[PDB]
């Protein structure tokens, strides 16, 4: 409910100050509080003494610099793999699938996390695959422009299967589609009969920092089911990004 009221109000005030391009007076902020005027002013004064807020000469309030220490603490303790693991522990929707977490290095993806399932490569931590063929690879490459792709793939990787994307032109078609829907599909480009669906994880900066994918047996999923899962994965990825500091 409205447990620990003073903390909830202080958080509301900090959010308002942080989000205003114009520095606000105590009177202005008070208008946003469900408190008698005297209590609102008293709370603001306490937050100033606590150094959550700083008060300028003209009485406007701004975020205090001490918040930087916490943000620094957040960024320092950030561990994407453990965040990923814990996120999966509460999404029983994805229990049936093998889920991987990757980062892109040049023209390859590198597996940094993997939650196994009953789905019949195998993925191993530290393993590398060509970015153009994997679902995470396609989603991570979809943020690159035409010039950057051409720098990466002057020599295009040789196919792994008869379905592996055959060249730059075909890849760029896939990337356009990927951008428009916010999820990627690898239909048997790494192993015949394996289908993967990918989505992007973003860091506080907004840049795509990692990819997440689910893998399943292709012959076991309708096109409608794949699209459903793609949208579910897109929003799952967004929720994970938020845990890492991304603000959509």
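Numbering follows the first chain given and starts at 1.
Counting the unmodelled positions of the deposited sequence between residue 146 and residue 147 gives zero. Looking at mean Cα B-factors across 89 to 97 and 171 to 179, the upper value is held by 89 to 97. Of the two stretches examined, 101 to 109 and 133 to 141, the record assigns the greater average C-alpha temperature factor to 101 to 109. Between the residues 51, 34, 186, 223, the entry's highest C-alpha temperature factor is the one at 34. For the set 208, 194, 46, 63, the PDB entry puts the maximum C-alpha B factor at 208. Looking at the C-alpha B-factors along this chain, the one for residue 232 belongs to the lowest third. Sort the modelled residues of the chain by CA B factor and residue 8 lands in the lowest third. Among the modelled residues of the chain, residue 125 sits in the middle third by CA temperature factor in this PDB entry. The deposited CA B-factor of residue 166 belongs to the highest third of values across its chain. In the PDB entry, residue 152 places in the highest third of its chain by CA B-factor.
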